[PDB]
Amino acid sequence: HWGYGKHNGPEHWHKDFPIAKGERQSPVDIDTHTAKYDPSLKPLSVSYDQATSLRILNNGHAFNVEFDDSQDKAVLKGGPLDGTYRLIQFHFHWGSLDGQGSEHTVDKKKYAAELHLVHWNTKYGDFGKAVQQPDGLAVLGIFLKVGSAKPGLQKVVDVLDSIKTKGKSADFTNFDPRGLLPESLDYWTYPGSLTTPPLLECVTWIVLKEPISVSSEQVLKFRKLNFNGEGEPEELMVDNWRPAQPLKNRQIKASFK
Ligand SMILES: NS(=O)(=O)c1ccc2c(c1)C1=C(CCC1)[C@@H](c1ccc(O)cc1)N2
Ligand SMILES: NS(=O)(=O)c1ccc2c(c1)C1=C(CCC1)[C@H](c1ccc(O)cc1)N2
Ligand SMILES: [Zn+2]
């Protein structure tokens with residue numbers, strides 16, 4: 001099925017997922033000069049002190065760190081959001097080289113990687129119901145640049161050897177996602193979509209302006225993962241990013257002057 005190869009990559013996805021050519025697709029280029037400051041936007045409230053991580057899974061496209069979302073433990077509120085959004089998982093997108101890997105771009109700049117913290121709107125009861133609604137999900141996007149190591153990423157990096165291939169999982173309890181945030185919560189926001197099939201138009205995107213720094217060694221270990229299953233020919237899990245999509249009839253708002 002779909003993937004990131006020449007034969008099944010983003011240019012092909014519209015054949016099985018025609019919303020790929022829809023009116024609110026993600027990611028987008030964030031033109032920093034055209035984004036408007038919206039003084040009515042609230043600070044973001046990221047409340048992760050009671051987060052319960054469970055497991056890490058190689059799903060053949062990325063790796064997901066999954067959370068217990070059966071209670072209001074790790075939630076996102078405020079900013080552009082109405083109501084309470086519960087953390088269900090995070091994952092990354094990254095490149096084969098440090099000059100590419102992010103999904104969103106900033107004045108056409110590509111970062112080495114992008115973190116997505118995925119949350120669903122509790123008014124819809126479960127994630128599967130939320131993805132059917134225009135305000136179902138809130139994804140917090142954070143850029144990664146290569147420089148100093150990110151201490152709070154190292155526990156993720158060190159478990160990757162145990163989930164090398166598609167379908168492998170590992171216990172991943174007691175991980176604190178607060179260690180993946182930058183200092184500032186300044187953000188851009190716009191209405192968009194999932195960046196992988198099914199490409200549902202259910203996401204409020206909140207993209208932080210400040211990148212986090214990770215080391216060359218940390219991102220090298222992302223690049224040792226495999227898209228393939230065990231006992232299949234090795235295809236390195238790299239360049240698992242969708243390129244920027246047309247902005248169409250959308251405005252990107254900034255939380256900051
Ligand atoms: N790169 S991203 O952060 O935009 C992203 C992409 C795909 C995803 C997810 C997050 C999580 C689910 C939907 C919401 C969040 C999952 C899915 C959705 C519905 C579905 O029927 C199958 C799987 N897929
Ligand atoms: N619109 S879509 O992106 O979902 C899509 C695109 C290309 C495809 C397929 C579906 C599927 C293949 C076999 C099963 C499903 C195949 C393929 C090509 C190359 C490849 O590496 C793997 C599979 N042709
Ligand atoms: Zn993503």
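Residues numbered from 1 in each chain as written, not as in the entry; some residues may be left out. Chains lettered and ligands numbered in written order. Heavy atoms only, no water. Residues with missing side-chain atoms left out of burial classes, pairs and counts.

Its PDB header names X-ray crystallography as the technique used to obtain the model and reports a resolution of 1.3000 Å.

If you look the protein up in the PDB entry, it shows as carbonic anhydrase 2 from Homo sapiens. The record for the entry shows the title "Crystal structure of (3aR,4S,9bS)-4-(4-hydroxyphenyl)-3a,4,5,9b-tetrahydro-3H-cyclopenta[c]quinoline-8-sulfonamide with carbonic anhydrase 2". The annotation that UniProt attaches to the protein under Subunit (literature references left out) is "Interacts with SLC4A4. Interaction with SLC4A7 regulates SLC4A7 transporter activity. Interacts with SLC26A6 isoform 4 (via C-terminus cytoplasmic domain)." (UniProt positions renumbered as here; feature names shortened; annotations may be inferred.)

Trainee: Got a minute to help me understand the overall build of the protein in this structure?
Mentor: Broken down by element type, the protein carries three helices and 15 strands. A compact globule built from 257 residues would reach a C-alpha radius of gyration of about 18 Å, and the protein, at 17 Å, matches this within 12%. On the principal axes, the C-alpha backbone points of the protein span a range of 55 × 40 × 40 Å. Put simply, 71% of the contacts in the protein that link residues at least 6 apart link residues at least 24 apart. (Helix = DSSP H or I, 4+ residues; strand = E, 2+ residues; numbered from the N terminus. Rg over C-alpha atoms; globule rule 2.2 N^0.38 Å. Contact = heavy atoms within 4.5 Å.)

Trainee: Hey, could you run me through the packing of aromatic side chains in this one?
Mentor: Any aromatic ring pair is given by two values, namely how distant the centres are and how the planes are angled relative to each other. On inspection of all chains with the given rule, the structure shows 15 aromatic pairs. Where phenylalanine 67 meets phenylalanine 90, the ring centres are 6.0 Å apart and the plane angle is 45°; that geometry is what we call tilted. Placement of the pair is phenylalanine 67 in strand β5 (residues 63-67) and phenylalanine 90 in strand β7 (residues 85-94), with a sequence separation of 23 residues. For the pair formed by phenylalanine 67 and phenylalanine 90, the shared burial category is buried. Residue classification places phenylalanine 90 among the buried positions, given a relative accessible area of 0%. An aromatic cluster is defined as three or more aromatic residues linked by ring pairs; in this entry it consists of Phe63, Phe67, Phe90, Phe92, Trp94, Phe172, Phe175 and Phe222. (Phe/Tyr/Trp six-rings, centres within 6.5 Å; stacked < 30°, edge-to-face > 60°. Buried < 20%, exposed > 50% of the residue type's maximum accessible area, 1.4 Å probe, protein only.)

Trainee: For this particular structure, what's the right way to read the coordination of the zinc ion (ligand 3)?
Mentor: Working reference: metal with six octahedral donors, ideal angles 90 or 180 degrees; metal with four tetrahedral donors, ideal angle 109.5 degrees. On the protein side, the zinc ion (ligand 3) has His91 (NE2), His93 (NE2) and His116 (ND1) as donor atoms, found 2.0 Å from it. Read in sequence order, the donor residues coordinating the zinc ion (ligand 3) give the pattern H-x1-H-x22-H. Of the two residues, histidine 93 sits in strand β7 while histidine 116 sits in strand β9 (residues 113-121), which places them 23 residues apart along the sequence. One exposure class covers both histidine 93 and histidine 116, and it is buried. (Donors = N, O, S within 2.8 Å, 3.2 Å for Na, K, Ca; no water.)

Trainee: Can you walk me through the UniProt feature "binding site: substrate" in the protein in this structure?
Mentor: Feature annotation in UniProt assigns "binding site: substrate" to the following positions: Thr195 and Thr196. Each residue touching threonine 195, except ones within four places of it in the same chain, is listed here: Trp13, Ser26, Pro27, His93, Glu103, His116, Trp205 and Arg242. With respect to the helices, strands and loops of the structure, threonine 196 is situated in the loop between β12 (187-192) and β13 (203-208). The partly exposed category is assigned to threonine 196, whose relative accessible area is 22%. When near neighbours in sequence (up to four residues on either side) are disregarded, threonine 196 contacts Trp2, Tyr4 and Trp13.

Trainee: Can you walk me through the pattern of salt bridges in this structure?
Mentor: Proximity of charged atoms lets side chains of opposite charge pair with each other. Across all of its chains, the model carries seven salt bridges by this definition. Here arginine 223 ties to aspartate 98 by a salt bridge, and the two come within 2.8 Å at their closest N and O atoms. Placement of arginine 223 in the loop between α3 (216-222) and β15 (253-254) and of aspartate 98 in the loop between β7 and β8 (105-106) is noted, with a sequence separation of 125 residues between them. Accessibility expressed as a relative area gives 11% for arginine 223, which makes it buried. Given the relative accessible area of 36%, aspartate 98 is considered partly exposed. (Salt bridge = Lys/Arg side-chain N within 4 Å of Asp/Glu carboxyl O.)

Trainee: Quick question: what am I supposed to make of the UniProt feature "active site" in the protein here?
Mentor: On the UniProt side, "active site" is annotated at positions that read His61 here. With respect to the secondary-structure elements, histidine 61 resides in the loop between β4 (53-58) and β5. Other than its neighbours up to four places away in sequence, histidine 61 contacts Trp2, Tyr4, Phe227, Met237 and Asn240.

Trainee: I keep staring at the site of ligand 2 and nothing clicks. Help me out?
Mentor: Surrounding ligand 2, one finds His1, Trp2, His7, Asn8, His12, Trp13, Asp16 and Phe17. Take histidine 12: an N or O atom from its main chain is 2.9 Å from a nitrogen atom of ligand 2. Note that a nitrogen atom of ligand 2 is positioned 2.8 Å from one of the side-chain N or O atoms of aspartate 16. Protein coverage of the free-state accessible area of ligand 2, which is 520 Å², stands at 56%. The residue inventory of the shell around ligand 2, partitioned by class, reads three nonpolar, four polar and one charged. (Near = heavy atom within 4 Å. Polar contact = N/O pair within 3.5 Å; in protein donor to acceptor, adjacent residues only side chain to side chain. Areas by Shrake-Rupley, 256 points an atom, 1.4 Å probe, with all protein chains shown as cover. Nonpolar A, V, L, I, M, F, W, Y, C, P; charged D, E, K, R; others polar.)

Trainee: For this particular structure, what's the right way to read the site of ligand 1?
Mentor: In the vicinity of ligand 1 there are 14 residues, among which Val118, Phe127, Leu137, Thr195 and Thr196 approach most closely. At a separation of 3.2 Å, a nitrogen atom of ligand 1 approaches a polar side-chain atom of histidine 91. A distance of 3.3 Å is found between a nitrogen atom of ligand 1 and a side-chain nitrogen or oxygen belonging to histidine 116. In isolation ligand 1 has 500 Å² of accessible area, and contact with the protein removes 75% of it. Listing elements by their share of the shell around ligand 1, those giving two or more residues are β7, β9 and β10 (137-146). It is β7 that contributes the most residues to the shell around ligand 1, three residues altogether. Classifying every residue of the shell around ligand 1 gives eight nonpolar, six polar and no charged.

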